[PDB]
Structure formats: structure tokens, C-alpha cells
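Trainee: Attaching a single structure in C-alpha cells format; questions to follow.
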Amino acid sequence: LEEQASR
Amino acid sequence: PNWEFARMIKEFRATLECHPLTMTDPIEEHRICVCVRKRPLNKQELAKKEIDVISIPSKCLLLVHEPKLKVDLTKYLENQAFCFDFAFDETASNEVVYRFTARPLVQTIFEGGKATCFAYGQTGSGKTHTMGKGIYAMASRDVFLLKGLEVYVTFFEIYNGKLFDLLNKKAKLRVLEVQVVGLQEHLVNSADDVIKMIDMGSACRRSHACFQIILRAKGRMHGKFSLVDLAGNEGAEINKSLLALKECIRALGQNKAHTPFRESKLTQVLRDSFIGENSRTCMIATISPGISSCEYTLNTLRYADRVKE
Amino acid sequence: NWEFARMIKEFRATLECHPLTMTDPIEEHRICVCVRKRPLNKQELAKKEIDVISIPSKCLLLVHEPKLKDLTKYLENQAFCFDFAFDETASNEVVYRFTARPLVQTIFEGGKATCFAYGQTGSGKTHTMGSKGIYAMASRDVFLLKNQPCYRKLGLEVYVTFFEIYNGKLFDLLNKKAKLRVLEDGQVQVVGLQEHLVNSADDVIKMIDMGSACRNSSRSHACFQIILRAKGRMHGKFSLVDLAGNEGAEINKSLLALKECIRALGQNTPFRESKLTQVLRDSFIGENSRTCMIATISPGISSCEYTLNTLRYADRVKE
Ligand SMILES: Nc1ncnc2c1ncn2[C@@H]1O[C@H](COP(=O)(O)OP(=O)(O)O)[C@@H](O)[C@H]1O
Ligand SMILES: Nc1ncnc2c1ncn2[C@@H]1O[C@H](COP(=O)(O)OP(=O)(O)O)[C@@H](O)[C@H]1O
Ligand SMILES: [Mg+2]
Ligand SMILES: [Mg+2]
Ligand SMILES: [Mg+2]
Ligand SMILES: [Mg+2]
């Protein structure tokens, strides 16, 4: 999409 | 706006997913801990349109994108990667920072061994702020939460080989063969007393600064916690002291009996600290992500890696 | 080596990189660039050739390139970001799900698809593409669509065509290794090509194997075209290319032009230069054309001189 900061 | 670099940094980070460090993570416990902490770009730094230049794709990995130039003068990037026990960024509080660096060490001094923590880097990076509330105080109540023994507090600075105790208003001291007499050790009954010792020591009107937690039972030392805020790694005699540190720390993964001194005033008084079958240490290399302070930033890291040794 | 082995080893000791799982969302990309690290070979290993490709994130690769100054030791851990980065644990289907699978969806709307592997000899290309093959899995997935009760209108006649281009001298691997002719009107179009219609995915595999059996394999590209036809009318064409070894002088200008022609696909093409750019010119025009590049590499220290160019090529194909 992109891209995503998460974990 | 240099502009073209900020273009190249963002067409990098676009394609990049990052899995940061969280409180969900386990608290690791090593011989020598090497961490790094990037501070956020301040207003005055932002107001000049300074590109952030450092990323943290994970809990440990750290990526720096440095602006290089050809002989063409073709603007370039060279993406250098670095690993550490815990790399953490803007979002990281001190509560985060204490938990992964100093927090395991409080238990260490109550054992009978002795622990020391350094924040090291460039001027205006985040050394004083990290340790100064700060890591000193954060250990204190957790030092005081753990319960017959009494606790003593030391605070002093090292400049030009001289040694000041801020506790007494500018009270010069001497170091000898290891023992520093005139050692100001105030007894505290809880964080209350200690918190008052830090700010008073800090209030005093290019220098190392050391804070100590000490334990005695019969009146005999049990555990020593030494938290140092080093000078800027950029008269140039400071270069030597920090250089010695690397060697002093290194002899602690060799479980070594022998260490070098004299050529460094800082070490001498911190010197019990680099020996024993129970001596742990953490190192905090803080950096300024402001692109036009990148050379200082790299130097701050090339010092800290492989000093896992 | 020894030394450069412990600096790396020390680095990958605190590394906590995560591995991309199949569950990971398939992205839909107009121009996808991925990198495939190849597992270490027992021969490369036997010589204790050292592993030097750190792939910590689904979207990220590293190369601890070994150079030295006083000769006091250092390591330059270099980062390259990508849409995808495959490790030595990534299966073929694993690489399929994120490169060629979404592209199958594109040909069924008359769209044009073209997908490359680009790396040195002994990097993974001609493996990693072609039952093992991205070729084979393309068909298998293609036939599945034709069966679905959603495209069964457009009564299509699956075809096949596997040819090889070598120094301007192209060759159709569908005959007795016969040669071909290429022209274009005042558009592009081949001559003599024999579109092989298949109707079993097994058909394609035994259709490919000819070119396999026929075809150093490294001075020439292998180009495989899947074409959908409804009633003899062309729908969409999918080109899968096992490129010539990227490491003989015309070859570099075949990749000069290719790289140039993937540049303008993003900007919505200097095709007339090289023969590879001529045959697949269609798949580089319009808003209907998607491409996927698999720059594949070698994990060994000796390669690092030459697999840092393949990485440098790829980084200039995302813009
Ligand atoms: N979390 C934070 N991120 C960024 N800047 C901060 C943060 N906390 C405090 N600061 C401010 O940054 C300033 C830098 O001072 P200091 O930390 O002494 O620089 P250095 O320690 O590098 O010499 C401090 O006055 C402090 O108020
Ligand atoms: N991901 C992989 N897993 C296992 N083996 C591989 C992988 N990639 C390549 N190989 C092996 O490496 C060898 C060389 O690869 P190949 O693609 O045939 O040559 P080229 O790189 O010139 O196309 C092949 O025999 C193949 O078996
Ligand atoms: Mg900015
Ligand atoms: Mg300061
Ligand atoms: Mg790894
Ligand atoms: Mg090959």
C-alpha cells in the first residue's frame, strides 16, 4: 500500500 | 532545503516496513550491553528544514542513510547498517530506556557484583537528558523498592584530570593508589533523599559526570552502581579518556585480570568496575539525526560497535 | 575467511529480523522489484565460503561488504530496500506468490505482463523461474482461472510459445531450434512463430522442456510468452524471461535498454535499440501493463564484488 510500522 | 537527499531518503523508507521495540519484549541480560538511542529533531533543528537521516527498522537494527558525493557531484546515499542490543528511537521514553539498559543492573549490585552505565556521544545528542527524571532517579526507587542494609549516594564531575564533587559546592578532590578520599557519600532512606541529591548536584553553575549508588552492610561495600554522563566525542585531551573506555570495557568480555589506567583520570575511580566474575556494563551511544551532523553521528557509532568484542 | 566471518557472526548475533510468512498480504504492484538470495551450496560451503547476505525484513536485505584500509579491521554493512526480499529459506511458490501470481490476474483483463529474473550465472535465475518453474506455476494458476465460472465467457484457447534470443539472432525453441524474423510496420510483430495451443497445465511443461532440452546457457536470454486468445483475437500476453548472465558486449546494452524501458513504464520507451526491448515493447505501454523483476544473487563472499552491482542495477529500477 505501503508500508506500515507495527510489530 | 538541499531537497534531493530528502527525496532519496523517502523513496527508501517508502519501501521499508519496520517492527520496533515494544514493552511486549523480554528483558535481556548480558555481560556488556551496547545500545543506541536516537533523539528527535528539535524545533530549531526542524525550523532549518533538516532532513531526518537515521532510521530504526527494528528493536536492534539501525540504518543510517548518509549523503555522499561523486566527483560528478552526483548526489548519493550510502546506507550503512548497525546492530545493537537495543536500538530505540524518538518514541522511546526513559521508562523504555531504563527498562532495557539499567533495569537489569539494579539486581546486579544487590548480588555482590558491581555495575556501571555510560551514555556517550556528541554534544546535544541526548546524554545529559538520558541520565539526568533520568536514569539516576529511575534506578533509585527500584533500588529502594527491593526489600538490613543502608544506601549511599555520590555525585561528581571530572575535568582536566581534576575531580569535583558537586555535592559540596566545588569541592576539589584527589585520586590515589584505588581510593578517592573526600568521597562524599550521603545516606538516603528512599528516592526522596536521592532525588534531592541529583538536582542539587546538577544545579552547579566538556566534562564527565558520575553518579553512584553504594551498598554497605557491616559498613563494608556490597554493590556499586556507577552512572556516567560522558563528554562530547567531537584541550583535545577528552579524546583519550573515551578511547581508554573502549579498552577498559573490552577487558570485561575477556574476563581479564589486567586493565590499563593512569592515561585516564575517569577510569581510575571507576576502576574496581572492570573486573570480577560479576561485573556488568551498559553503553548508550546517543545520536543527532540532523543530516548536517552525520559525521559526528557515525563516529559515535563506529566507536560502539564491535565493542561487543 | 576467518576474521570477516566473526564480525558478521557477531552482527547476526543480536539480529532479530523477521521472516516474511505466506500469510503476509499480497501487495498489488504496477512495477515490482524483489531480490532472491540463494541458499549456500555445499561446494561453496565446503570451501568455507562465508555467508554474507543478511535479510532481516520481508522488505530488506543487507551486505556486509568486506573492504579494509593500516589494515585495521572493518565491515561495511550495506542496506538495500525492496518491495520484496527472499532468503535461503524461501521456496519457489513462496517467491511465486509475490511476483508472478498477481500478474496472472492482469492478463485476464487484456493487460500486459512481463516478469524477469536478473542475476549472474549461479544466482538462481533459470532455476527460480523454470514444475519448479515460475513458468509452470504460471500455467497451473492460469488454467484454474479458465475453469472458474467467471471468465468462462470469452471462450479462450490457451496457447504457448518458448523462444530464445541470442545476439540479435533469435531462435524459436518450438522447432528444430529454428530461427526467426522480426519487423514492425510504420508496433511490433514476429514472423514464423508457432503459437502452441495447450489445454493442460501438464501440456505446457512438456512444451517448455523442448527449449530446455535444446538450449554457455549464459550468453543468451530465454523468453517465454503466455498468450490468451478468446476467438483467435488476442487478449493479453505474459512474458517470462530468464535473462542472459548479467555478469557479450551487446548484452550490457540489452540491459541498458531494458532498464531504460522499465523507467518510462512508471512515467507512462527507447525500444529500437536492443532485440529484447523490441519483442516485449507492448508490455511497456499503456496503463494496462505491469512488470515484476527478480534480481537474484549469490550468498558467497567472493560474489560480493559482483552481486553488489546486481543490487545496484535493481535499486535504479524503482523510481
Ligand atoms: N526525549 C527527548 N528527545 C529530544 N530532546 C530532548 C528529550 N528530552 C529532553 N530533550 C532536550 O534536549 C536538550 C539537549 O540537552 P542535552 O541532553 O544536555 O544534550 P547532550 O546531552 O547531547 O549534551 C535538553 O535540554 C533536553 O531538555
Ligand atoms: N533458491 C534456491 N534453492 C536451491 N537451489 C538453488 C536456488 N537457486 C538456485 N539454486 C541452484 O543453483 C544452480 C544455479 O542456478 P541456475 O538458475 O540454474 O543458473 P543461473 O543463475 O545462471 O540461471 C541451480 O542448479 C540450482 O539448482
Ligand atoms: Mg523534516
Ligand atoms: Mg551535555
Ligand atoms: Mg540473518
Ligand atoms: Mg542459468
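Identifiers in the C-alpha cells: chain A, B, ... in order shown; residue index from 1 per chain; ligand index from 1 in order shown.
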Hey, which residues come within 6 Å of ligand 6 if we count only C-alpha atoms and all ligand atoms? Could you give them as a PyMOL selection string?
Mentor: chain C and resi 121+125-126
Trainee: Go ahead and save the picked residues with N, CA and C atoms, as a compact mmCIF listing (two decimals), in the first residue's frame.
Mentor:
# COMPACT_ATOMS: atom_id res chain seq x y z
N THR C 121 25.36 -15.85 -13.44
CA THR C 121 25.32 -17.30 -13.52
C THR C 121 25.59 -17.83 -12.12
N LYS C 125 18.55 -17.68 -11.28
CA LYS C 125 17.64 -17.33 -12.39
C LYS C 125 16.80 -18.33 -13.17
N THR C 126 17.52 -19.17 -13.88
CA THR C 126 16.99 -20.20 -14.73
C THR C 126 16.51 -21.36 -13.89
Trainee: Residues of chain B near chain A: apply a cut-off of 9 Å, count only C-alpha atoms, and supply the list as a ChimeraX atom specification.
Mentor: /B:13-22,57-58
Trainee: Counting only C-alpha atoms and all ligand atoms, what are the residues, protein, DNA or RNA alike, that approach ligand 3 to within 12 Å? I want them as a PyMOL selection string.
Mentor: chain B and resi 1-3+5-7+9-10+40-54+289-291
Trainee: Output the contact residues of chain B with respect to chain C at a cut-off of 12 Å, based on only C-alpha atoms, as a ChimeraX atom specification.
Mentor: /B:7-21,25,28,30,33-35,55,57-66,77-87,302-303,305-309
Trainee: Please produce a file of those selected residues containing C-alpha atoms, as an mmCIF file, in the first residue's frame.
Mentor:
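selection-v7.cif was written with the following content:
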data_model
loop_
_atom_site.group_PDB
_atom_site.id
_atom_site.type_symbol
_atom_site.label_atom_id
_atom_site.label_comp_id
_atom_site.auth_asym_id
_atom_site.auth_seq_id
_atom_site.Cartn_x
_atom_site.Cartn_y
_atom_site.Cartn_z
ATOM 1 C CA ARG B 7 13.867 12.851 -1.792
ATOM 2 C CA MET B 8 16.204 9.851 -1.719
ATOM 3 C CA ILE B 9 15.622 9.110 1.964
ATOM 4 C CA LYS B 10 11.837 8.987 1.477
ATOM 5 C CA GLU B 11 11.902 6.772 -1.613
ATOM 6 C CA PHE B 12 13.898 4.458 0.620
ATOM 7 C CA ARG B 13 11.680 4.470 3.716
ATOM 8 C CA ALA B 14 8.619 4.103 1.494
ATOM 9 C CA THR B 15 9.512 0.518 0.558
ATOM 10 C CA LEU B 16 10.549 -0.200 4.165
ATOM 11 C CA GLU B 17 8.459 -1.855 6.884
ATOM 12 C CA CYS B 18 9.668 -1.577 10.482
ATOM 13 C CA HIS B 19 8.991 -3.701 13.572
ATOM 14 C CA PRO B 20 10.060 -1.502 16.543
ATOM 15 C CA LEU B 21 10.774 -2.466 20.166
ATOM 16 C CA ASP B 25 9.666 -7.578 24.550
ATOM 17 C CA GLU B 28 17.714 -9.384 28.042
ATOM 18 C CA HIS B 30 24.173 -9.667 29.016
ATOM 19 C CA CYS B 33 25.251 -4.137 26.786
ATOM 20 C CA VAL B 34 25.682 -1.858 23.775
ATOM 21 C CA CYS B 35 22.603 0.207 22.954
ATOM 22 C CA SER B 55 16.001 5.021 10.660
ATOM 23 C CA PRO B 57 13.673 -0.705 11.235
ATOM 24 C CA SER B 58 13.651 -2.877 14.377
ATOM 25 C CA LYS B 59 14.471 -3.197 18.077
ATOM 26 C CA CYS B 60 18.172 -3.731 17.379
ATOM 27 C CA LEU B 61 18.916 -2.848 13.771
ATOM 28 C CA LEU B 62 19.792 0.756 12.986
ATOM 29 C CA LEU B 63 20.113 2.180 9.489
ATOM 30 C CA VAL B 64 21.846 5.440 8.618
ATOM 31 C CA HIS B 65 21.479 6.918 5.137
ATOM 32 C CA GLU B 66 24.474 9.198 4.621
ATOM 33 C CA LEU B 77 23.307 7.759 -0.452
ATOM 34 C CA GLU B 78 25.285 5.025 1.250
ATOM 35 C CA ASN B 79 23.053 3.012 3.560
ATOM 36 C CA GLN B 80 25.102 1.732 6.491
ATOM 37 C CA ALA B 81 23.595 -0.784 8.914
ATOM 38 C CA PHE B 82 24.468 -1.258 12.581
ATOM 39 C CA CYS B 83 23.374 -3.773 15.226
ATOM 40 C CA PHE B 84 22.995 -3.303 18.960
ATOM 41 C CA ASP B 85 21.317 -4.989 21.897
ATOM 42 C CA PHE B 86 18.522 -2.466 21.855
ATOM 43 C CA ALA B 87 18.257 0.349 19.421
ATOM 44 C CA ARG B 302 31.827 3.138 14.908
ATOM 45 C CA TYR B 303 33.005 3.618 18.473
ATOM 46 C CA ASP B 305 30.039 -1.488 17.520
ATOM 47 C CA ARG B 306 32.199 -4.454 17.769
ATOM 48 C CA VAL B 307 32.936 -3.161 21.214
ATOM 49 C CA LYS B 308 30.758 -6.154 21.934
ATOM 50 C CA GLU B 309 34.226 -7.586 21.260
#
Trainee: 7 Å from ligand 1 is the threshold here; counting only C-alpha atoms and all ligand atoms, which polymer residues fall inside it? Answer as a VMD selection string.
Mentor: chain B and resid 39 to 42 90 93 121 to 130 232
Trainee: Using only C-alpha atoms and all ligand atoms, find each residue with an atom at most 6 Å away from ligand 2 and format the answer as a list in words.
Mentor: residues 38, 39, 120, 121, 122, 123, 124, 125, 126, 127 and 128 of chain C
Trainee: Can I get the selected residues back with N, CA and C atoms, as a PDB file, in the first residue's frame?
Mentor:
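Produced file selection-v9.pdb, reproduced below:
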ATOM      1  N   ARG C  38      20.101 -16.869  -2.692  1.00  0.00           N
ATOM      2  CA  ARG C  38      20.157 -18.300  -2.964  1.00  0.00           C
ATOM      3  C   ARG C  38      20.862 -19.026  -1.837  1.00  0.00           C
ATOM      4  N   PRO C  39      20.327 -20.136  -1.357  1.00  0.00           N
ATOM      5  CA  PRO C  39      20.952 -20.803  -0.209  1.00  0.00           C
ATOM      6  C   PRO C  39      22.387 -21.191  -0.544  1.00  0.00           C
ATOM      7  N   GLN C 120      23.571 -13.043 -11.916  1.00  0.00           N
ATOM      8  CA  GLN C 120      24.707 -13.704 -12.536  1.00  0.00           C
ATOM      9  C   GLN C 120      24.443 -15.186 -12.747  1.00  0.00           C
ATOM     10  N   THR C 121      25.362 -15.851 -13.438  1.00  0.00           N
ATOM     11  CA  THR C 121      25.324 -17.301 -13.519  1.00  0.00           C
ATOM     12  C   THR C 121      25.591 -17.832 -12.121  1.00  0.00           C
ATOM     13  N   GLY C 122      24.780 -18.784 -11.680  1.00  0.00           N
ATOM     14  CA  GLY C 122      24.892 -19.285 -10.325  1.00  0.00           C
ATOM     15  C   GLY C 122      24.376 -18.265  -9.329  1.00  0.00           C
ATOM     16  N   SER C 123      23.147 -17.815  -9.552  1.00  0.00           N
ATOM     17  CA  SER C 123      22.477 -16.899  -8.640  1.00  0.00           C
ATOM     18  C   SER C 123      21.063 -17.397  -8.373  1.00  0.00           C
ATOM     19  N   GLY C 124      20.498 -18.100  -9.350  1.00  0.00           N
ATOM     20  CA  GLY C 124      19.197 -18.718  -9.178  1.00  0.00           C
ATOM     21  C   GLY C 124      18.225 -18.561 -10.333  1.00  0.00           C
ATOM     22  N   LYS C 125      18.545 -17.683 -11.283  1.00  0.00           N
ATOM     23  CA  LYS C 125      17.640 -17.325 -12.385  1.00  0.00           C
ATOM     24  C   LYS C 125      16.799 -18.328 -13.172  1.00  0.00           C
ATOM     25  N   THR C 126      17.518 -19.169 -13.879  1.00  0.00           N
ATOM     26  CA  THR C 126      16.994 -20.201 -14.728  1.00  0.00           C
ATOM     27  C   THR C 126      16.508 -21.360 -13.889  1.00  0.00           C
ATOM     28  N   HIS C 127      16.744 -21.279 -12.604  1.00  0.00           N
ATOM     29  CA  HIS C 127      16.130 -22.124 -11.630  1.00  0.00           C
ATOM     30  C   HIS C 127      15.506 -20.935 -11.126  1.00  0.00           C
ATOM     31  N   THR C 128      14.496 -21.080 -10.276  1.00  0.00           N
ATOM     32  CA  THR C 128      13.797 -19.932  -9.710  1.00  0.00           C
ATOM     33  C   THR C 128      12.790 -19.359 -10.701  1.00  0.00           C
TER      34      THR C 128
END
Trainee: For ligand 4, which residue among B:238, B:119, B:197, B:204 is the nearest when counting only C-alpha atoms and all ligand atoms?
Mentor: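 With only C-alpha atoms and all ligand atoms as the atom set, the closest residue is B:119.
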Trainee: Would you kindly return, as a list in words, each protein, DNA or RNA residue with an atom no farther than 10 Å from any atom of residue 162 (chain B), considering only C-alpha atoms and excluding same-chain residues fewer than 4 positions away?
Mentor: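 In the requested form, the answer reads residues 157, 158, 172, 173, 174, 175, 265 and 266 of chain B.
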Trainee: Please compute the CA of residue 113 (chain C)-CA of residue 238 (chain C) distance, one decimal, in Å.
Mentor: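 So the two atoms, CA of residue 113 (chain C) and CA of residue 238 (chain C), lie 4.7 Å apart.
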